[PDB]
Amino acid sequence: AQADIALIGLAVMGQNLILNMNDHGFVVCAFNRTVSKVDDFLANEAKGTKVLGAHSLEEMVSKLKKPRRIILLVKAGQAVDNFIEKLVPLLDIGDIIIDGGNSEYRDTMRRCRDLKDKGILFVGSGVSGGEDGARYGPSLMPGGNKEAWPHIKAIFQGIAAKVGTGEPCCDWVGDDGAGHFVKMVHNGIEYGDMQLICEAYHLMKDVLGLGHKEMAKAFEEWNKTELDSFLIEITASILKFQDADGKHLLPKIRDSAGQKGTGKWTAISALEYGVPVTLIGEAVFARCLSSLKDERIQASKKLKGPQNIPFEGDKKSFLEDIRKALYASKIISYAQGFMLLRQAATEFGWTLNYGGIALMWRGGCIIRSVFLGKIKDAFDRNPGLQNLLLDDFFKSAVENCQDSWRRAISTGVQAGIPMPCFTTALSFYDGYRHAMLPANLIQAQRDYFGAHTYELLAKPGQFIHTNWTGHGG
């Protein structure tokens, strides 16, 4: 018994995590099912370290100090069950299996329970940051069977990213599939930030007639304001990047965005639990829209746009307007984000700490920014805050962006620039603001052709059906 923990999965991610643990002075024993890679790694990337290698699961198992704790960094689905299947014969009661892959939260729920009756503590951690992050400090969102926590605590917390105060971007998220649900919402939001930036980019390019150099200038200027964040930083870099031949690389890239399912799942869960997360949803369908590249080429030949009117206005004011519109829409996407988190917390009975979650996304992870700090502030002042838009900072932030956000959308709209996420954020803001909505008309017509029954404004609760057919006749 010498290894404090094991990690199974030696793709770069696993590999880097093992090293990161090693630097914090934890003896890890690695394992992988194509076992040659254990040697390959010990010889190459890991030479000089304290990491032990294992050639059999039972070897890995005997290596472990108790409580045994092993991590799975294997891609999702079937694979994780199969590893689990094998590990159970070999484990004692009180032992711990961790699933770091991007697993479906219902599978984590299943596995966690099933194992608890077998006496094994199971946790599902979301891991974020990518390779870079896995090596120096990822954010780790662990949920599942709470008993496990104190045993992995010092490890998880020690290898995580920490923001300035020294806080690790990792703490116990909650029961069952909490860690893995939070993780998919993170990615859902990640989709959202990217699409907004594309929209911001599309207005500069097509309306303002800007070039990639000034565009990167603009983005790095913006990264000095409230938009200070990782995806704004990297977009500045991406826009300046000269290919081998001198030309800019970006306009050479094919416009068919991929997705490995997480953002999609976020949108499914919102539709299932009745939460209006419109911007992540628009983002997911935007990526599907970009996949019909051949259709679009065919379409551009047949479908006309607006009459061409130039932009007779000021390039730098409008550039300011685009910044505001972006910032405002970012806030909406996050409020919709934490709404879903709240609903989930109530449908599965998890006690989520939203301020904690925000801190766990302030470092390591791809959506990291200063902005998450300002969200954290909100939930410390009020853990019970019902919607983020109600917090004074954010209500002040959006009314301050009012005129610009509506100006930008409107100009975009005349020019023919597709803005799916800028528009849903404004529609949602205007929708949520109104204490009375035309949904009454919906209720009336449902009752007309389908007799579904309706409530009155006053006397909420008693249902009526009107014979509308004729008021007589």
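Don't overthink the numbering: it's just position in the shown sequence, from 1.
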Comparing 299 to 307 with 191 to 199, where is the mean C-alpha B-factor higher? 299 to 307
In the PDB record, does 416 to 424 or 51 to 59 carry the higher mean Cα temperature factor? 51 to 59
Going by the entry, which of 36, 443, 411, 404 has the most elevated CA B factor? 36
Take the CA temperature factors straight from the PDB entry and tell me which of 180, 213, 368, 254 peaks. 213
Would you mind checking where the Cα B-factor of residue 83 ranks among the modelled residues of its chain, as the lowest, middle or highest third? highest
Mind checking which third residue 186 falls in for C-alpha B-factor across the chain? lowest
Using the temperature factors of the C-alpha atoms in this entry, rank residue 149 within its chain: lowest, middle or highest third. highest
Lowest, middle or highest third of the chain for the C-alpha temperature factor of residue 451? middle
Within-chain third of residue 22 by Cα B-factor, per the entry: highest
